[PDB]
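Presented as structure tokens, the chain that follows is alone, the form deposited in one PDB entry.
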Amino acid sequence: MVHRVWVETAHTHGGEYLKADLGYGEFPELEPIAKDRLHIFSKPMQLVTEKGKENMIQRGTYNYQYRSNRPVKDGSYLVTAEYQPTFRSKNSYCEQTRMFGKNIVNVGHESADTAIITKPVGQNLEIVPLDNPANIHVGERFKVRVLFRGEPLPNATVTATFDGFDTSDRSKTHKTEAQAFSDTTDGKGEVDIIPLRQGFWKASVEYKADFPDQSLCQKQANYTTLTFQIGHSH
């Protein structure tokens, strides 16, 4: 069907390596990226810490698994993935597709720092959180912002779902695309997600616009997600 990009990190305590997974497909099913689509993920996923952006390495039984170079202390970090810009033809016209994913990882049951996670990373279409997902109970408001080319993106629809919401009769041709939240961004680009359950959540946004250089391509489509945790697994 349709393929979107997201990131998922396993529960990590202090002193360990950070195991992360790049999902290209239908959330939340992790699946290996096909050989004809290996070139669209040219660069490895990055990990954001107090020192900056670090390249992760690809190690595991499947090609979507990554681990950090060195173990990290307790804290709260981001892990980002990118679908490299590619060109396609539709009907006819050219269109450049790009996709982005960012996951908030809280290593340690006590850390909920906001210094690293709230700073934008430079994704063309980016969802920047303004709080820590661990500070939000069910029913509270999780305030985030939507940026496009650096500036805020007003009047942009942000939806959100979680693992376990849409599950009935799913297969290759059924969606499990039902969302547990939907709203629009204000003039400052901000919006508040309201989670009614606990688990692993993904908030999605998209933006189709005109390509800057019309002598090369005409349209542009960006699909961005942000993944986090509501509640506590351990």
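The term rigid core refers to the maximal set of C-alpha atoms that superpose within 1.5 Å between the two forms. When you see a residue number, it is the position in the sequence shown, counting from 1.
Absent from the display: the form deposited in another entry. The rest refers to it.
Chemist: Let me spell it out: fit the two forms on their rigid core, measure each listed C-alpha, and pick the one of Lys188, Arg197, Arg170, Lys43 that moves 2 Å or more between this form and the one not shown. Which is it?
Modeler: Residue with a C-alpha shift of 2 Å or more: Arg170.
Chemist: Relative to what we see here, could you say if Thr173 and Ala221 have their Cα atoms closer or farther apart in the other form, with a change of 3 Å or more?
Modeler: Closer is correct, given that in the other form the C-alpha spacing of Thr173 to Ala221 is reduced by at least 3 Å.
Chemist: Taking the shown form as the reference, report whether the CA atoms of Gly60 and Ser171 lie closer or farther apart in the other form; the distance changes by 3 angstroms or more.
Modeler: Farther apart in the other form, by 3 Å or more.
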